[PDB]
Amino acid sequence: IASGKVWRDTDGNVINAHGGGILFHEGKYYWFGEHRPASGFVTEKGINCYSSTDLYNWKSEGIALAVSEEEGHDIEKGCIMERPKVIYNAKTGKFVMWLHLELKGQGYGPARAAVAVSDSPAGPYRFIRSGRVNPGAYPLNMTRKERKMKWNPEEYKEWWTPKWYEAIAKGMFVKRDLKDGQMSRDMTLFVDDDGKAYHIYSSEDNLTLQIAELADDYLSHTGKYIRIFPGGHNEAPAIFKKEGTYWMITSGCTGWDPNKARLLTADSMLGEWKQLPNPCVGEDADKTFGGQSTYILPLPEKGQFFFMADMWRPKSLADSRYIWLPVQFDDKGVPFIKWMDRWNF
Ligand SMILES: OC[C@H]1NC[C@H](O)[C@@H](O)[C@H]1O
Ligand SMILES: [Ca+2]
């Protein structure tokens with residue numbers, strides 16, 4: 001595992017799986033990610049999939065979720081498809097893919113999460129629906145008093161004033177988006193011990209993280225959700241659970257530029273969360289080693305976890321590389337990550 005180098009599949013082609021994540025099923029790891037083009041930023045293809053027995057040799061499984069050729073479809077060619085994650089639904093036996101969708105020709109405005117389904121890990125997946133999250137429902141931890149407040153859009157046009165920040169903290173953008181549902185851009189998924197799944201996403205114009213419970217088949221949301229770190233600008237969330245504790249690594253919001261990772265922790269997924277120091281340590285840790293969090297893969301057979309990131313090259317996004325590093329734990333059980341040029345499982 002040689003972070004930042006050109007990685008190739010078994011045919012010799014550059015692995016094209018960005019913003020991704022990995023699952024294990026029937027003896028194989030399946031890596032899902034954005035198919036990025038050589039020029040431009042929008043996918044020409046959809047969500048790509050690769051498979052491996054060993055986490056070193058990756059076989060191209062082809063496109064798992066394709067862009068549609070039908071005009072007016074939510075996922076017609078030219079839509080934005082980012083940060084795909086796949087989870088297995090044990091009750092129905094289906095593979096469920098969620099992803100950040102922006103409708104074609106609308107930039108990043110729609111701020112939707114989309115959901116697709118497959119009988120097999122590699123696909124093809126069948127698109128079901130897209131939309132903002134939980135129309136009509138308030139966050140669980142947004143208080144009665146906060147829900148009763150009125151925010152005149154004309155008084156709060158200037159971002160980053162003291163009164164605007166306070167307003168964002170007390171849920172001004174939640175109320176703004178209440179009817180049509182909460183915004184979802186950068187996102188991930190987590191399947192808990194009891195089969196409860198959660199959709200974690202940057203919401204409220206990227207200012208605030210939200211964690212939403214998924215329904216029992218993982219195809220919709222239940223209405224139950226919380227919001228955390230309002231105004232915190234936590235992006236590209238990555239999550240894992242260890243010995244009952246939930247840990248989340250995120251980035252800041254500086255477009256393509258690498259920035260300082262944050263470490264967030266809770267004892268309950270929908271309980272209170274708190275922020276801990278940058279979990280990256282050593283030289284370049286202030287820049288997350290030139291990367292941005294995408295996924296934390298548990299290896300539950302070994303009681304270990306590994307941190308996946310993207311080393312984004314905005315000049316040509318197909319040339320973006322992959323940083324994969326062991327998650328280590330200090331004497332208090334707090335995760336940290338150090339660079340290694342080459343390491344083995
Ligand atoms: O918009 C480009 C880029 N910005 C930063 C996000 O974390 C990425 O997923 C991607 O949307
Ligand atoms: Ca955020």
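Quick note: residue numbers are just sequence positions, from 1.
Between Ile249 and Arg262, the closest side-chain pair of non-hydrogen atoms is not below 4.5 Å. Using a 4.5 Å heavy-atom cutoff, the side chains of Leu276 and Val334 are in contact.
The pair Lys170-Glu146 fails the salt-bridge criterion, with no side-chain N (NZ, NE, NH1 or NH2) lying under 4.0 Å from an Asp/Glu carboxylate O. Salt bridge present: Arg83 and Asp186 bring a charged side-chain N and a carboxylate O closer than 4.0 Å. The pair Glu44-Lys77 counts as a salt bridge, with a side-chain nitrogen and a carboxylate oxygen less than 4.0 angstrom apart. Comment: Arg132 does not engage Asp180 in a salt bridge, judged by the lack of any side-chain N to carboxylate O separation of less than 4.0 angstrom. Remark: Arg112 engages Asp74 in a salt bridge, criterion side-chain N to carboxylate O under 4.0 Å. Comment: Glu26 does not engage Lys28 in a salt bridge, judged by the lack of any side-chain N to carboxylate O separation of less than 4.0 angstrom. Using a 4.0 Å cut-off between charged nitrogen and carboxylate oxygen, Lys59 and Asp9 do not count as a salt-bridge pair. Using a cut-off of 4.0 Å between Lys/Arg side-chain N and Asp/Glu carboxylate O, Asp205 and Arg176 are scored as salt-bridged. Under 4.0 Å is where a charged nitrogen must lie from a carboxylate oxygen, and between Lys94 and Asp217 no such pair does.
Atom CH2 of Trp273 and atom CD1 of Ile226 lie 7.5 Å apart (nearest 0.5 Å).
Closest approach of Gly19 to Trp312, counting heavy atoms only: N-CH2, 3.9 Å. Between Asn206 and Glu235 the shortest heavy-atom distance is O-OE2, 2.7 Å.
The aromatic rings of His73 and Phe127 lie perpendicular to each other, with more than 60° between the two planes, well past the 30° mark. The aromatic rings of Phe173 and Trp164 lie perpendicular to each other, with more than 60° between the two planes, well past the 30° mark. In this structure, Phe306 and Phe345 have tilted ring planes: the angle between them lies in the 30° to 60° band.
Because its NZ or CZ atom is both nearer than 6.0 Å to the ring centre of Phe329 and within 45° of the ring axis, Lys242 counts as a cation-pi partner of that residue. Cation-pi geometry between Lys163 and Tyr156 is satisfied (NZ or CZ under 6.0 Å from the ring centre, within 45° of the ring normal).
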Take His25 and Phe95, measure what ring pair (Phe, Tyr, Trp, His ring centres under 6.0 Å) needs, and give me the verdict at the end.
-> CA-CA 10 Å; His25 186 83; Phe95 297 83; 4.7 Å; yes
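When each of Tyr295, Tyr322, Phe24, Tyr56 is paired with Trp31, the ring pair (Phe, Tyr, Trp, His ring centres under 6.0 Å) condition holds for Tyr322 and for no other.
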